[PDB]
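Structure file target-v3.pdb; described as PDB, C-alpha atoms and all ligand atoms.
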ATOM      1  CA  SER A   7      -7.703 -17.988 -10.005
ATOM      2  CA  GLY A   8      -6.315 -16.599 -13.292
ATOM      3  CA  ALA A   9      -4.775 -17.542 -16.640
ATOM      4  CA  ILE A  10      -2.717 -16.228 -19.607
ATOM      5  CA  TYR A  11      -4.388 -16.699 -22.971
ATOM      6  CA  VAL A  12      -1.743 -16.527 -25.732
ATOM      7  CA  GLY A  13      -2.500 -18.005 -29.195
ATOM      8  CA  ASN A  14      -3.805 -21.563 -28.855
ATOM      9  CA  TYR A  15      -2.372 -21.875 -25.278
ATOM     10  CA  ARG A  16      -3.715 -21.402 -21.759
ATOM     11  CA  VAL A  17      -1.032 -20.781 -19.096
ATOM     12  CA  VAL A  18      -2.110 -21.530 -15.477
ATOM     13  CA  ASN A  19      -0.642 -22.379 -12.008
ATOM     14  CA  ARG A  20      -0.058 -26.145 -12.011
ATOM     15  CA  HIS A  21      -1.698 -26.476  -8.517
ATOM     16  CA  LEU A  22      -4.878 -24.772  -9.817
ATOM     17  CA  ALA A  23      -5.080 -26.681 -13.166
ATOM     18  CA  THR A  24      -8.442 -28.249 -14.014
ATOM     19  CA  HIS A  25      -9.348 -31.666 -15.515
ATOM     20  CA  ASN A  26      -9.593 -30.096 -19.011
ATOM     21  CA  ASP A  27      -6.071 -28.682 -18.665
ATOM     22  CA  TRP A  28      -4.640 -32.194 -17.945
ATOM     23  CA  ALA A  29      -6.668 -33.676 -20.838
ATOM     24  CA  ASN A  30      -5.204 -31.040 -23.235
ATOM     25  CA  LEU A  31      -1.653 -30.930 -21.710
ATOM     26  CA  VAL A  32       1.151 -29.381 -23.784
ATOM     27  CA  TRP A  33       3.827 -28.923 -21.026
ATOM     28  CA  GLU A  34       3.884 -28.886 -17.203
ATOM     29  CA  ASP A  35       6.651 -28.268 -14.574
ATOM     30  CA  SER A  36       5.960 -28.822 -10.813
ATOM     31  CA  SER A  37       9.164 -26.976  -9.834
ATOM     32  CA  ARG A  38       7.929 -23.851 -11.661
ATOM     33  CA  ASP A  39       4.209 -24.216 -10.643
ATOM     34  CA  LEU A  40       3.289 -23.861 -14.366
ATOM     35  CA  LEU A  41       1.041 -25.873 -16.632
ATOM     36  CA  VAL A  42       0.183 -25.103 -20.249
ATOM     37  CA  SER A  43      -2.911 -26.529 -21.947
ATOM     38  CA  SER A  44      -4.274 -26.153 -25.518
ATOM     39  CA  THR A  45      -7.420 -24.193 -26.557
ATOM     40  CA  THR A  46      -9.569 -24.090 -29.714
ATOM     41  CA  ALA A  47      -9.990 -20.260 -29.558
ATOM     42  CA  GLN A  48      -7.096 -17.829 -30.395
ATOM     43  CA  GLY A  49      -5.835 -15.742 -27.422
ATOM     44  CA  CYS A  50      -4.315 -12.281 -27.723
ATOM     45  CA  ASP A  51      -2.196 -11.814 -24.534
ATOM     46  CA  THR A  52       1.186 -10.353 -25.557
ATOM     47  CA  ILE A  53       4.062 -12.008 -23.665
ATOM     48  CA  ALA A  54       6.986  -9.747 -22.695
ATOM     49  CA  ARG A  55      10.457 -10.729 -23.941
ATOM     50  CA  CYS A  56      12.509  -8.476 -21.641
ATOM     51  CA  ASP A  57      14.540  -8.240 -18.387
ATOM     52  CA  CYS A  58      12.184  -5.687 -16.690
ATOM     53  CA  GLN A  59      12.291  -5.555 -12.923
ATOM     54  CA  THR A  60       9.270  -3.219 -12.503
ATOM     55  CA  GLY A  61       5.682  -3.900 -13.400
ATOM     56  CA  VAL A  62       2.046  -3.919 -12.285
ATOM     57  CA  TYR A  63       0.224  -6.958 -10.821
ATOM     58  CA  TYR A  64      -3.480  -7.788 -10.202
ATOM     59  CA  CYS A  65      -4.449  -8.516  -6.554
ATOM     60  CA  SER A  66      -7.974 -10.076  -6.436
ATOM     61  CA  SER A  67      -8.006 -10.019  -2.601
ATOM     62  CA  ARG A  68      -8.018  -6.188  -2.814
ATOM     63  CA  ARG A  69      -9.602  -5.785  -6.356
ATOM     64  CA  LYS A  70      -6.651  -3.437  -7.126
ATOM     65  CA  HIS A  71      -3.607  -3.361  -9.442
ATOM     66  CA  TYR A  72      -0.327  -2.615  -7.693
ATOM     67  CA  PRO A  73       2.973  -1.283  -9.055
ATOM     68  CA  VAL A  74       5.975  -3.455  -7.945
ATOM     69  CA  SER A  75       9.737  -3.803  -8.062
ATOM     70  CA  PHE A  76      10.543  -7.459  -8.486
ATOM     71  CA  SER A  77      13.592  -9.685  -8.416
ATOM     72  CA  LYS A  78      15.301 -11.622 -11.216
ATOM     73  CA  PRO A  79      13.926 -15.177 -11.821
ATOM     74  CA  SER A  80      15.590 -17.654  -9.415
ATOM     75  CA  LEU A  81      15.449 -20.798  -7.115
ATOM     76  CA  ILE A  82      13.505 -19.647  -4.047
ATOM     77  CA  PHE A  83      12.610 -22.075  -1.214
ATOM     78  CA  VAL A  84       8.814 -22.481  -0.622
ATOM     79  CA  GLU A  85       7.143 -24.083   2.484
ATOM     80  CA  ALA A  86       4.883 -27.190   2.311
ATOM     81  CA  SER A  87       1.189 -27.025   1.138
ATOM     82  CA  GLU A  88      -1.705 -29.443   0.161
ATOM     83  CA  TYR A  89      -0.287 -29.171  -3.430
ATOM     84  CA  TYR A  90       3.499 -29.468  -3.029
ATOM     85  CA  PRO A  91       5.905 -30.593  -0.317
ATOM     86  CA  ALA A  92       8.618 -28.131   0.919
ATOM     87  CA  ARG A  93      10.917 -27.435  -2.097
ATOM     88  CA  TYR A  94      12.885 -24.885  -4.205
ATOM     89  CA  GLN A  95      10.619 -23.366  -6.865
ATOM     90  CA  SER A  96      12.680 -22.266  -9.917
ATOM     91  CA  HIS A  97      12.003 -19.209 -12.171
ATOM     92  CA  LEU A  98      10.378 -17.411  -9.188
ATOM     93  CA  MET A  99      10.495 -13.575  -8.746
ATOM     94  CA  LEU A 100       9.698 -11.842  -5.417
ATOM     95  CA  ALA A 101       8.150  -8.387  -4.823
ATOM     96  CA  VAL A 102       7.097  -6.441  -1.684
ATOM     97  CA  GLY A 103       3.311  -6.461  -1.946
ATOM     98  CA  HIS A 104       0.047  -7.938  -0.689
ATOM     99  CA  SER A 105      -1.123 -11.535  -1.437
ATOM    100  CA  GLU A 106      -3.600 -14.135  -0.122
ATOM    101  CA  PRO A 107      -4.093 -17.847  -1.220
ATOM    102  CA  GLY A 108      -6.926 -16.927  -3.623
ATOM    103  CA  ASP A 109      -4.563 -14.464  -5.336
ATOM    104  CA  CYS A 110      -2.640 -17.110  -7.330
ATOM    105  CA  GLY A 111      -3.106 -16.591 -11.063
ATOM    106  CA  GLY A 112      -3.121 -12.787 -11.157
ATOM    107  CA  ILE A 113      -1.122 -11.389 -14.067
ATOM    108  CA  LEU A 114       2.124  -9.339 -13.674
ATOM    109  CA  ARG A 115       2.633  -6.919 -16.621
ATOM    110  CA  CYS A 116       5.284  -4.413 -17.780
ATOM    111  CA  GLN A 117       5.394  -2.013 -20.825
ATOM    112  CA  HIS A 118       6.443  -5.123 -22.928
ATOM    113  CA  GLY A 119       3.480  -7.279 -21.899
ATOM    114  CA  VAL A 120       2.815 -10.277 -19.668
ATOM    115  CA  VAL A 121       5.749 -11.116 -17.378
ATOM    116  CA  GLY A 122       4.151 -13.908 -15.320
ATOM    117  CA  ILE A 123       1.488 -14.926 -12.753
ATOM    118  CA  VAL A 124       1.099 -14.820  -8.901
ATOM    119  CA  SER A 125       2.263 -18.149  -7.483
ATOM    120  CA  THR A 126       3.562 -17.728  -3.882
ATOM    121  CA  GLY A 127       3.332 -15.084  -1.085
ATOM    122  CA  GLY A 128       3.233 -14.243   2.589
ATOM    123  CA  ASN A 129       4.896 -12.035   5.207
ATOM    124  CA  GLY A 130       4.336  -8.913   3.032
ATOM    125  CA  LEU A 131       5.946 -10.555  -0.052
ATOM    126  CA  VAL A 132       4.449 -11.834  -3.342
ATOM    127  CA  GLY A 133       6.024 -14.331  -5.734
ATOM    128  CA  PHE A 134       5.530 -14.483  -9.522
ATOM    129  CA  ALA A 135       6.119 -17.488 -11.829
ATOM    130  CA  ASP A 136       8.020 -16.089 -14.813
ATOM    131  CA  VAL A 137       6.868 -17.021 -18.380
ATOM    132  CA  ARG A 138       9.224 -14.757 -20.456
ATOM    133  CA  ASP A 139      11.713 -17.595 -21.133
ATOM    134  CA  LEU A 140       8.928 -19.759 -22.720
ATOM    135  CA  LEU A 141       9.595 -18.646 -26.341
ATOM    136  CA  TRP A 142       7.415 -21.444 -27.841
ATOM    137  CA  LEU A 143       4.242 -19.737 -26.548
ATOM    138  CA  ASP A 144       4.436 -17.284 -29.523
ATOM    139  CA  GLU A 145       5.560 -19.739 -32.198
TER     140      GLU A 145
HETATM  141  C1  LIG B 201      -0.241 -15.669  -3.124
HETATM  142  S1  LIG B 201      -0.211 -17.352  -2.522
HETATM  143  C2  LIG B 201      -0.090 -17.157  -0.771
HETATM  144  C3  LIG B 201      -0.131 -15.871  -0.165
HETATM  145  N1  LIG B 201      -0.173 -15.659   1.152
HETATM  146  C4  LIG B 201      -0.161 -16.736   1.934
HETATM  147  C5  LIG B 201      -0.096 -18.029   1.459
HETATM  148  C6  LIG B 201      -0.053 -18.267   0.087
HETATM  149  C7  LIG B 201      -0.017 -19.702  -0.396
HETATM  150  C8  LIG B 201       1.299 -20.074  -1.057
HETATM  151  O1  LIG B 201       2.239 -19.294  -1.059
HETATM  152  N2  LIG B 201       1.375 -21.292  -1.644
HETATM  153  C9  LIG B 201       0.327 -22.319  -1.556
HETATM  154  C10 LIG B 201      -0.102 -22.778  -2.939
HETATM  155  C11 LIG B 201       1.103 -23.247  -3.750
HETATM  156  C12 LIG B 201       2.189 -22.167  -3.814
HETATM  157  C13 LIG B 201       3.368 -22.629  -4.654
HETATM  158  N3  LIG B 201       3.554 -21.989  -5.792
HETATM  159  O2  LIG B 201       4.093 -23.554  -4.284
HETATM  160  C14 LIG B 201       2.564 -21.717  -2.394
HETATM  161 ZN    ZN B 202       9.436  -5.647 -19.889
END

Any chance you could give the structure as structure tokens?
Amino acid sequence: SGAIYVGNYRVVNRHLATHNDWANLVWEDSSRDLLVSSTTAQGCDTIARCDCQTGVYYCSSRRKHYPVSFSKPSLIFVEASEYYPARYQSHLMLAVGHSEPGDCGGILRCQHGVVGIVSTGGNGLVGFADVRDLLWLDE
């Protein structure tokens, strides 16, 4: 579980999106595992507009924040699940770190703000869905 609350938007993993999210849909992309819904309240999460490759992510399976080196956003192949068949997920960034299935939605942050959210993982690796290219979240 976990979401980004910026302005009148709620950013979540598409596979973990609720009924309310689909009823207040703004934009969704299965290949990125992202879904954006609208909110009445005004969020204050600052989104990073950078090319940082180091940050800190929240791991709910350990109740700890971990510092990570992470890769540039790219097309990384992801194995089949009850949410998506086997495919290439775009705008994905990998880091060496701990993750479990309940960890999806944890925020990744740098000195510039919110980079993205936990989306994939396994084998000692953790994947983050980047949100820095989504410029419309601010405007
Ligand atoms: C941190 S998630 C995780 C971590 N360890 C083992 C397993 C996982 C689960 C996992 O990777 N995914 C299942 C749910 C959808 C995901 C996606 N974005 O396509 C992929
Ligand atoms: Zn940054």

Q | Computed interatomic separation between atom CA of residue 12 of chain A and atom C6 of ligand LIG 201 (chain B) (Å) | A | 25.9 Å

Q. Atom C8 of ligand LIG 201 (chain B) and atom CA of residue 144 of chain A are how many Å apart?
A.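 A separation of 28.8 Å between them.
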
**Q.** Within-8 Å residues of ligand LIG 201 (chain B), basis only C-alpha atoms and all ligand atoms, as a list in words
**A.**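 What falls inside 8 Å of ligand LIG 201 (chain B) is residues 19, 21, 38, 39, 84, 85, 86, 87, 88, 89, 90, 95, 104, 105, 106, 107, 108, 109, 110, 124, 125, 126, 127, 128, 129, 132, 133 and 135 of chain A.
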
Q) A:62, A:23, A:141, A:32: which is nearest ligand ZN 202 (chain B), counting only C-alpha atoms and all ligand atoms? A) A:62

Q: Let me know the residues the PyMOL selection byres (((chain A and resi 101) around 7) and not hetatm) catches in the file above, as a PyMOL selection string.
A: chain A and resi 74-77+99-100+102-103+131-133

Selected residues written out with C-alpha atoms, as a PDB file, in the coordinates of the input:
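This went into part-v4.pdb:
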ATOM      1  CA  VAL A  74       5.975  -3.455  -7.945  1.00  0.00           C
ATOM      2  CA  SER A  75       9.737  -3.803  -8.062  1.00  0.00           C
ATOM      3  CA  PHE A  76      10.543  -7.459  -8.486  1.00  0.00           C
ATOM      4  CA  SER A  77      13.592  -9.685  -8.416  1.00  0.00           C
ATOM      5  CA  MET A  99      10.495 -13.575  -8.746  1.00  0.00           C
ATOM      6  CA  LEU A 100       9.698 -11.842  -5.417  1.00  0.00           C
ATOM      7  CA  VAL A 102       7.097  -6.441  -1.684  1.00  0.00           C
ATOM      8  CA  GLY A 103       3.311  -6.461  -1.946  1.00  0.00           C
ATOM      9  CA  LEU A 131       5.946 -10.555  -0.052  1.00  0.00           C
ATOM     10  CA  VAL A 132       4.449 -11.834  -3.342  1.00  0.00           C
ATOM     11  CA  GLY A 133       6.024 -14.331  -5.734  1.00  0.00           C
TER      12      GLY A 133
END

Q: Can you work out which one of A:139, A:145, A:27, A:35 has the shortest atom-to-atom distance to residue 55 of chain A, counting only C-alpha atoms?
A: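 Between A:139, A:145, A:27, A:35, the residue approaching residue 55 of chain A most closely is A:139.
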
7 Å shell around ligand ZN 202 (chain B) using all atoms listed in the file, listed as a JSON list (two decimals) with C-alpha atoms, in the frame of the given file:
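See result_37.json below for the written result:
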[["chain", "number", "residue", "atom", "x", "y", "z"],
["A", 54, "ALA", "CA", 6.99, -9.75, -22.70],
["A", 55, "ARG", "CA", 10.46, -10.73, -23.94],
["A", 56, "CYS", "CA", 12.51, -8.48, -21.64],
["A", 57, "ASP", "CA", 14.54, -8.24, -18.39],
["A", 58, "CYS", "CA", 12.18, -5.69, -16.69],
["A", 116, "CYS", "CA", 5.28, -4.41, -17.78],
["A", 117, "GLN", "CA", 5.39, -2.01, -20.82],
["A", 118, "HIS", "CA", 6.44, -5.12, -22.93],
["A", 119, "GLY", "CA", 3.48, -7.28, -21.90]]

Q) Looking at all atoms listed in the file, which of A:31, A:113, A:40, A:18 is the one that sits closest to residue 97 of chain A? A) A:40

If you apply the PyMOL selection byres (((chain A and resi 121) around 6) and not hetatm) to this file, what residues do you get, as a compact mmCIF listing (two decimals) with C-alpha atoms, in the frame of the given file?
# COMPACT_ATOMS: atom_id res chain seq x y z
CA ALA A 54 6.99 -9.75 -22.70
CA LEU A 114 2.12 -9.34 -13.67
CA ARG A 115 2.63 -6.92 -16.62
CA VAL A 120 2.82 -10.28 -19.67
CA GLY A 122 4.15 -13.91 -15.32
CA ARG A 138 9.22 -14.76 -20.46

(Q) For the PyMOL selection byres (((chain A and resi 16) around 6) and not hetatm), applied here, can you spell out every residue it catches as a ChimeraX atom specification? (A) /A:10-11,15,17,42-43

Taking all atoms of segment 71-90 of chain A that appear in the file, build a box with edges along x, y and z, extend it by 4 Å on every side, and state its centre and edge lengths in Å to one decimal, as lines of an AutoDock Vina configuration file.
center_x = 6.0
center_y = -15.4
center_z = -4.7
size_x = 27.2
size_y = 36.2
size_z = 22.3
